[PDB]
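These protein sequences, in sequence, are chains G, A, B and H. Take any residue in the first sequence, note its place counting from 1, add 4, and you have its number in PDB author numbering. Take any residue in the second sequence, note its place counting from 1, add 3, and you have its number in PDB author numbering. So that you can map any letter, position 121 of the third sequence is 120 in PDB author numbering, and since no number is skipped, the others follow by simple counting. So that you can map any letter, position 108 of the fourth sequence is 108 in PDB author numbering, and since no number is skipped, the others follow by simple counting. Even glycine gets a Cβ: it sits at the ideal position worked out from N, Cα and C. Written out below as structure tokens is the structure these notes cover.
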Amino acid sequence: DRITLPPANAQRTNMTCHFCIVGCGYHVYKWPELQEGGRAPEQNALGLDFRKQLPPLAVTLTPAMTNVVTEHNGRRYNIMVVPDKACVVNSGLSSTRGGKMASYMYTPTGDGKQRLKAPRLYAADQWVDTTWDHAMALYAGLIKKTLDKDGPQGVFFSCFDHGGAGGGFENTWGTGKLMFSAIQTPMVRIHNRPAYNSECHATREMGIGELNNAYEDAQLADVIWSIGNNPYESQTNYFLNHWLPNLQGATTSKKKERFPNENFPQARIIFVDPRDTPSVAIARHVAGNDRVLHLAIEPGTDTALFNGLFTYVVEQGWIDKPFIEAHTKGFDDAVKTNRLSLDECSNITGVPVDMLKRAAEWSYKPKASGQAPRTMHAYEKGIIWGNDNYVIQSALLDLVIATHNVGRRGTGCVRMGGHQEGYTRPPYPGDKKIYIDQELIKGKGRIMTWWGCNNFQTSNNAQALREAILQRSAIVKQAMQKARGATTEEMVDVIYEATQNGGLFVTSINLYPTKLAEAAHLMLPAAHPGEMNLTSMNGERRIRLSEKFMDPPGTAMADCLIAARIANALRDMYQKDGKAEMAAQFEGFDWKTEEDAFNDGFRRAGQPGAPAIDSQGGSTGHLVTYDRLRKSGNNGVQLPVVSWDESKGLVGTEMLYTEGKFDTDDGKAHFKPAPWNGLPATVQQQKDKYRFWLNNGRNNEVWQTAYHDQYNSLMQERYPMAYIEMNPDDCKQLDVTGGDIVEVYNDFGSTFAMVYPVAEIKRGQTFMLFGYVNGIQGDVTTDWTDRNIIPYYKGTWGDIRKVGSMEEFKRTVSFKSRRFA
Amino acid sequence: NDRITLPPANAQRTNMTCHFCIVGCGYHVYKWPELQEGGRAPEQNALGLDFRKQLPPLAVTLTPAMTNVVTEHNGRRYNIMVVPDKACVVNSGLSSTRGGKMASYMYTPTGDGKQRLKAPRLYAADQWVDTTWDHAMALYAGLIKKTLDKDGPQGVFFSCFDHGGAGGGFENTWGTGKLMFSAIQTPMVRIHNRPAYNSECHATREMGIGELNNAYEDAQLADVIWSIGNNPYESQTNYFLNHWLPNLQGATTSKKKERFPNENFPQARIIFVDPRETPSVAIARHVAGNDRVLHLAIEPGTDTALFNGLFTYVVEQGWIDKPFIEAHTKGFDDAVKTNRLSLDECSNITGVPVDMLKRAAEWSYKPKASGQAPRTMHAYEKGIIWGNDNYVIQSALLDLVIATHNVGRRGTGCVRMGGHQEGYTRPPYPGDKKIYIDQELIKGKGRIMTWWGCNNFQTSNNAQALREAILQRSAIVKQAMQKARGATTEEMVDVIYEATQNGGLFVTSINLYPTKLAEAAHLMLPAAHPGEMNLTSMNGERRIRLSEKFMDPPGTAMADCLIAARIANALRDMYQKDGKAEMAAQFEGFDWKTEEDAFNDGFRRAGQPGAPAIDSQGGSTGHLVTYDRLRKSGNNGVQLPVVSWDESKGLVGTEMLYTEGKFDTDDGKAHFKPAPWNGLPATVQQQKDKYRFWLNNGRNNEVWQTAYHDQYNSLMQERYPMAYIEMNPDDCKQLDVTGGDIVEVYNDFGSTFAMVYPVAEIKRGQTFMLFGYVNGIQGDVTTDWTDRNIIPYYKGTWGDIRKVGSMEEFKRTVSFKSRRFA
Amino acid sequence: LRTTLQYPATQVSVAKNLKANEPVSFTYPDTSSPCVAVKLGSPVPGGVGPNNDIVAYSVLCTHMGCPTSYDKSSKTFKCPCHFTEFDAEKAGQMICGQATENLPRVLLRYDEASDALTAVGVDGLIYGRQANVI
Amino acid sequence: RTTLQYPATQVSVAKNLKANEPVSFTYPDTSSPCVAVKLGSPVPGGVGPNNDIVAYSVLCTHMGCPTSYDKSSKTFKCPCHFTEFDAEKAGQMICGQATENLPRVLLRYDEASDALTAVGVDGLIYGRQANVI
Ligand SMILES: Nc1nc2c(c(=O)[nH]1)N[C@H]1C(S)=C(S)[C@@H](COP(=O)(O)OP(=O)(O)OC[C@H]3O[C@@H](n4cnc5c(=O)[nH]c(N)nc54)[C@H](O)[C@@H]3O)O[C@H]1N2
Ligand SMILES: Nc1nc2c(c(=O)[nH]1)N[C@H]1C(S)=C(S)[C@@H](COP(=O)(O)OP(=O)(O)OC[C@H]3O[C@@H](n4cnc5c(=O)[nH]c(N)nc54)[C@H](O)[C@@H]3O)O[C@H]1N2
Ligand code: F3S
Ligand code: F3S
Ligand code: FES
Ligand code: FES
Ligand SMILES: [Mo+4]
Ligand SMILES: [Mo+4]
């Protein structure tokens with residue numbers, strides 16, 4: 005069909021992608037419904053000539069990138085959400101996820117039709133609408149009763165701590181202030197992990213923050229490692245816009261101009277991943293087989309790999325002895341504790357000795373001109389959710405520090421990231437490590453709030469969680485429905501009494517009902533970026549403002565303002581009861597807009613008279629304002645900000661550690677021991693009992709829990725059910741083929757998937773889409789966690805049983821190769 | 004959207020009866036390729052209309068909601084346009100707001116039908132997943148077999164439609180009925196709208212008068228129309244609009260006079276018996292004038308007293324047909340004695356003034372100046388069918404009709420107005436016990452319960468108690484199933500059955516959509532609606548039509564009769580595998596490939612040589628009807644019973660029943676019955692004694708039923724985001740509520756919630772709440788009370804009302820203006 | 000080609016000439032399309048002018064095209080043919096009746112510099128036409 | 001009017017197509033490259049006596065690079081950012097960066113003449129405001 009072009013004078017605002025870490029820059033064009041731009045280039049806002057065919061690469065523009073929104077005043081506007089060609093992050097690229105933004109904006113008839121737009125209450129064994137005031141009276145009423153009788157230990161949360169949509173500096177501050185400073189509860193987990201902890205404890209403790217470089221570094225590297233990472237699918241436009249140009253030779257002249265006395269061989273790439281992925285396939289396509297190494301490790305053997313590599317580089321002297329001497333502690337000890345021969349490393353990991361030696365030679369042997377290769381070490385959930393998070397990072401960082409691959413351009417040892425980041429919160433208010441799902445399963449807590457997450461789909465050991473929460477919720481449902489004519493006070497009492505008899509009151513604060521609606525008693529409508537202003541940063545710390553351009557559905561609210569509403573409701577109740585001390589805990593939420601939360605949190609960190617604030621913006625965050633970010637555009641500024649003035653704008657920081665001052669007591673990077681212990685017993689027990697490694701993770705097309713995707717007809721046609729990639733010989737043995745349904749099960753749970761034969765999958769290994777709306781992978785993940793309560797989500801084994809042939813999947817779903825050749 | 008794609012001159016056109024109400028308005032479906040369009044010139048589009056200039060008023064019913072673009076299984080996209088048939092005698096080109104949405108409610112992947120069931124769904128491991136048809140059948144047949152083997156049919160429960168139109172019809176009631184009654188042979192069956200296997204019209208049928216005994220033309224020929232417990236502008240819209248209003252306007256006077264040259268015809272008049280003043284009353288007064296309309300605004304539940312007072316009076320005045328009584332009735336003298344009630348006592352009970360009672364009788368029953376009795380058509384619906392003792396009210400009403408000879412004469416009738424269309428063909432119900440199914444389920448009976456084309460979570464009486472029990476029992480099964488690991492079908496059947504021995508219940512739903520039932524169900528099967536399948540049904544004058552297939556169903560969705568065949572064949576195969584030949588034979592006779600096969604097996608076999616016992620609204624001449632013959636008849640179809648068929652005359656049917664005074668009884672006479680006046684039932688009176696407001700309930704013109712399609716329609720959801728309750732303004736002031744506040748409505752039976760809708764004409768201490776809705780379920784406050792045949796008094800409940808608060812968004816976005824026209 | 004109709008810009012009057020709840024009849028976007036504008040006296044959704052209270056509509060009923068009457072007192076349009084009513088204060092929402100579309104809204108520009116009210120488009124499809132602009 | 005005026009462009013006759021040997025053509029103008037192929041086994045929107053002839057725009061719906069037709073896998077592959085589309089599933093994106101399936105060229109198959117004619121497009125071709133410029 006056809007597209008309505010933006011008029012030359014259409015309104016244009018800046019929007020960062022809602023979704024992944026990379027934080028691609030976009031423009032939103034908004035104009036009245038019945039107006040349209042001309043085809044001539046100066047008569048539309050795109051500046052493109054639609055009077056004749058456009059050349060390739062000229063535009064990213066499909067109908068899915070357009071919509072028509074209806075504002076609260078009833079006025080209808082065209083919108084068009086398209087990538088910004090001048091943004092340095094993406095240079096005009098759009099992934100398939102961010103490309104759907106316009107479709108996932110709220111409209112009454114489109115993909116956002118089922119957005120929450122009113123408070124919802126489960127009462128009298130049914131979902132109904134309720135008023136905001138009533139919702140707040142019930143929720144604040146229960147929180148007050150709980151604080152008064154049980155203390156904060158009775159009030160539980162699982163809340164986002166991320167950036168982008170359903171996070172960001174405003175939102176993490178508002179929620180954090182509410183949970184930690186006002187309620188003061190320690191009973192808080194994070195959207196992606198079941199305790200209040202870091203993904204990167206070991207690296208941070210060693211002195212190296214996990215976002216320590218620029219995306220430009222990937223362009224300057226001689227070698228890139230991708231460790232536990234599938235970046236074409238999970239950090240698409242970083243891979244496309246920065247990594248692949250390096251592999252293609254497009255950045256060679258830049259390297260040579262920066263470093264006139266240094267050789268730059270063709271760039272090479274090394275993947276550490278048990279599974280062969282789309283990312284490996286494309287790297288081989290672009291660079292050739294001889295420039296790519298896939299270290300197809302046995303699951304969970306990363307620590308053995310890095311200790312072998314570290315041992316080898318030290319034996320070869322392919323280290324930076326002056327750097328070690330001047331800027332590190334603990335090297336000699338780590339050499340002893342982490343000793344592992346290449347033979348033993350090979351035997352454990354399954355990687356041939358020759359491939360281990362080649363990886364080390366490409367990465368760490370000095371170049372002919374004398375300098376060490378610039379090797380950027382990138383890692384994500386294959387080790388963060390790997391076999392003992394803390395230990396793997398200890399082992400990896402040891403190898404990086406010894407080879408001076410932090411602080412030089414074209415280097416880094418960095419997370420690839422998941423969501424964007426946008427953390428500003430008060431300190432966590434205890435010193436205990438608390439496994440929240442286990443406490444809920446054991447019957448603790450009076451009230452649980454899921455806030456911008458859906459652990460029904462995403463917890464580890466998820467089936468046990470669902471079973472418990474459904475049971476405890478039903479106790480409350482049964483008690484509430486016996487009420488007749490109950491006032492708020494009476495109903496709060498009924499609920500509290502049920503929670504003394506095993507019940508749990510459950511609230512969800514979300515864009516959509518989700519699966520949580522099967523258990524929740526109360527749901528509150530939130531707003532996403534574009535319905536609200538929002539700040540957050542990408543995987544090179546580049547902070548941008550996403551600008552409001554439309555209204556939220558109904559009475560949906562920015563999460564920081566929901567937090568303020570709850571706090572003010574609690575304050576008012578305490579004031580009414582003459583409890584001045586408790587009322588004072590709830591001060592400081594006089595917020596009318598999300599910029600008020602940015603001012604109160606991010607911009608107050610480290611300032612005179614401010615309380616303790618842990619912020620990714622640091623003490624110079626006050627230099628950032630929305631107006632200054634707006635002026636910076638979608639290029640924003642890399643944090644930390646160094647300076648601001650009118651003439652220069654915001655000026656930031658490209659790379660960390662360039663002078664070798666690390667984030668430790670003595671300014672030195674600290675080596676750590678990395679013991680190799682095998683798989684944890686809980687995991688090994690499943691592996692001993694069951695046949696298949698149940699690897700799990702991302703698909704390029706699907707975003708997270710498919711909260712928008714579940715409503716997208718193209719998405720549902722392609723992926724009607726979660727899929728499991730399986731080795732063809734394994735499939736033959738089980739008499740399955742593409743589009744059959746299997747049950748996947750072990751001691752922890754059972755789930756279901758559509759079979760997806762993939763040639764490159766190893767016998768006895770599988771890969772299932774995580775987090776989905778039709779067949780939840782997490783049911784088979786174990787309860788095992790590392791010392792800081794980080795789950796080994798990637799570490800579980802199970803059996804597979806044929807259910808049968810799903811005719812419609814066979815007729816409608818492609819089971820062709822997603823790995824490009 | 005400021006434009007419509009016209010159907011090309013040569014677009015495909017099929018016939019479709021409205022999916023929804025009884026009236027069964029005729030429509031055409033135009034279907035053509037997506038990228039083609041008709042021309043504006045009248046001979047270049049299929050409508051024959053001139054779009055080169057503004058069309059005059061009344062020329063067309065055509066909006067964007069009456070169009071869509073569908074995608075077939077082969078991927079080809081087609082424009083569709085679903086518009087009323089100007090030449091259909093039922094509607095004469097009228098479309099209600101409900102049927103006008105049909106094109107919008109056809110399945111598309113991106114539109115209002117996006118969430119249609121299109122695959123079997125299984126709740127296992129504490130989650131909804133897809134499953135295969137074969138696996139769903141192995142589980143479902145597995146559990147039914149196990150239950151039959153160990154407990155017998157008494158373990159196997161159903162609540163199934165028995166109606167016509169969408170989610171019903173002659174093919175579908177036959178398929179389901181053969182399965183439940185001939186194959187499974189379970190008596191544990193209720194109907195979509197009542198909790199036992201019973202008739203809405205036992206008393207009338209026993210007295211010899213089938214409840215659809217006239218033609219819609221009779222409403223045009225009447226002197227007087229009574230609308231009893233009925234809101235026809237809202238609930239039978241185009242019958243009211245196309246037949247009643249023309250009579251009140253004087254458009255049919257010449258027809259009356261030409262048919263009956265020696266008979267006076269005064270201006271037509273209309274009498275409503277309804278505690279509540281409705282939009283129908285408002286419109287009648289607008290059209291005819293106040294002086295032609297009587298609103299008998301009876302006290303709730305006093306119908307029987309009203310009709311006994313009227314009967315007493317007409318007999319005392321001699322405004323009866325003594326020769327008809329003598330020749331064609333039994334029991335008159337006894338009824339005069341048992342039903343005696345003076346006008347004063349009638350007035351005291353009903354609250355209706357004596358002068359209005361006398362006026363109603365004089366308009367209706369006093370002979371005209373030319374000598375003949377008035378032709379008074381008595382129409383009734385759920386205000387008495389769900390009234391205070393269904394059996395007794397009909398006894399009282401029919402007595403008045405029979406004595407005044409207001410059946411069998413043109414312009415008369417004592418008829419249901421109907422709800423859904425009708426389309427019943429089934430084997431006899433297989434026991435002789437009256438079984439209150441919801442009560443049995445609540446008490447813990449049954450192993451497996453299937454909801455089939457209904458949603459009793461929204462529509463049962465005493466619905467809260469039902470939900471509470473079904474959620475509880477379903478959760479027992481969930482808990483047990485989720486402990487399984489690697490269970491084969493046989494193993495999981497065992498796990499489930501053992502949970503049902505421990506209080507559990509396995510729950511299946513066969514439906515277009517998940518519905519609220521998804522909160523309890525373990526298995527959901529996807530069905531198809533008219534247009535994705537062929538379907539037959541009749542309207543409220545027995546006019547049978549064929550609705551033609553024109554598109555594919557979504558995914559693997561199936562016609563209900565074919566789902567029944569799939570189940571039967573799965574059970575037959577299991578029994579055959581286990582060498583149980585007798586049990587396998589119970590499941591024979593479902594070798595069906597198309598829905599016409601079910602029409603042939605059921606409707607067309609009734610009364611035929613070698614056929615089993617079949618209870619069919621088509622009767623023994625149903626075999627004369629075929630799909631090809633119906634197609635030739637068009638949207639005018641034929642009124643049942645069919646009299647004859649030949650090529651030259653087509654199907655010939657029957658306009659009015661009882662025109663020779665041969666009634667459906669042992670002796671061919673209509674039988675008078677006693678009608679005791681007993682007051683409100685005690686269960687109801689107990690709530691009235693404790694609580695302030697009458698909780699009347701029923702239909703809204705815009706909303707269809709449980710809003711299974713409407714809940715996905717943005718215009719519907721904007722207008723009615725929550726169920727509303729009509730309340731008297733002085734009552735609102737006292738409770739400090741206004742339009743768009745949320746209240747809780749409650750009594751001993753339950754609690755629910757609604758948005759307040761002040762309405763001037765609502766009486767103090769009375770209210771009216773939308774029934775069946777997706778946001779605030781009215782039925783929570785209805786009692787368990789039923790009449791002798793287990794018919795609920797759904798209109799009989801009292802409760803209190805408590806303010807929750809002001810819902811600001813409702814105040815900003817929802818009109819609380821008068822729905823009653825002036 | 001282009002996705003939008005070419006609507007005329009039709010002057011209605013100037014805002015200060017309209018009296019509260021006294022409707023103005025006009026045709027738009029052609030002489031076969033009767034419309035009403037009214038200054039409602041209190042702000043509403045799509046309302047223009049200094050008090051955000053001036054609205055306009057097509058008066059042809061969206062059921063079968065009978066011209067509706069404007070009830071100044073209830074701020075409603077009422078169809079005499081099959082008794083549909085539409086709420087002028089809720090962007091043409093059907094209160095009750097047999098239509099399947101709200102009453103089409105005539106989009107008004109209010110120009111503070113001149114005080115002019117100009118009709119410039121229609122939201123919704125007017126009865127009896129294939130497109131709003133014939 | 002709501003519809004574009006698409007040309008009717010002759011491609012070839014069905015019996016001249018060999019199984020899995022693609023034919024290149026332009027439609028609906030010379031700047032719009034397309035491929036038609038007789039797949040040899042029935043599929044979706046397949047025409048001809050064996051319901052197996054399909055056609056597509058070959059411009060990638062991500063950013064317009066021309067895709068190559070892999071005759072062996074019956075897929076279209078984009079070399080720019082690695083999207084692939086299934087010719088046997090009406091252009092379904094198997095994996096990649098696009099937000100629209102590959103546009104299908106609608107083919108009339110005329111038994112009386114054996115002709116295959118391109119008569120419309122389902123989906124919007126890359127790089128244009130409407131399929132017909
Ligand atoms: N398309 C898309 N992109 C996303 C997301 C999404 O939902 N969709 N989610 C975002 C989020 S929140 C995150 S956290 C990231 C995740 O980004 P990634 O971590 O890149 O993705 P995953 O698929 O979770 O896992 C990465 C790889 O870990 C490998 N792996 C498994 N076990 C091991 C092991 O023991 N050792 C090692 N070395 N590798 C192993 C798997 O084979 C897999 O290829 O993606 C983000 N980007
Ligand atoms: N718009 C619309 N039309 C529908 C339906 C729908 O959902 N939407 N549903 C269809 C169905 S299945 C049905 S069964 C019918 C229902 O058609 P109706 O029975 O006409 O509609 P109801 O609103 O249920 O009730 C009719 C009237 O009964 C009155 N009533 C209440 N109590 C009493 C009483 O004690 N005595 C008397 N005499 N009257 C009383 C109420 O005031 C109400 O006006 O409508 C059908 N048509
Ligand atoms: S478009 Fe969005 S999903 Fe990631 S690759 Fe770019 S931020
Ligand atoms: S359009 Fe349909 S809802 Fe009834 S009034 Fe006519 S059958
Ligand atoms: S033409 Fe207006 S209600 Fe029918
Ligand atoms: S242009 Fe084809 S994948 Fe980007
Ligand atoms: Mo993550
Ligand atoms: Mo009914």
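Run of the beta strand (DSSP E) containing residue i, from where it starts to where it stops
i, result
"B:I94", "92 to 95"
"B:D86", "84 to 86"
"G:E747", "744 to 749"
Where the alpha helix (DSSP H) through residue i begins and ends
i, result
"G:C349", "346 to 353"
"G:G145", "136 to 153"
"G:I780", "No alpha helix (DSSP H) contains G:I780, which DSSP labels as neither H nor E."
Beta-carbon proximity of residue i to residue j, cut-off 8 Å
i, j, result
"G:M725", "G:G779", "yes"
Local Cβ density within 10 Å of residue i, reported as buried at 16 or more and exposed below that
i, result
"A:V655", "exposed"
"H:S72", "exposed"
"A:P303", "buried"
Expected contact under 8 Å - CB spacing of residue i and residue j to nearest Å
i, j, result
"B:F85", "B:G91", "5 Å"
Query raised in the report: At a Cβ cut of 7 Å, what residues of the region 100 to 132 of chain H count as close to chain A, listed as they run along the chain?
Result: Flagged, chain order: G120, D122.
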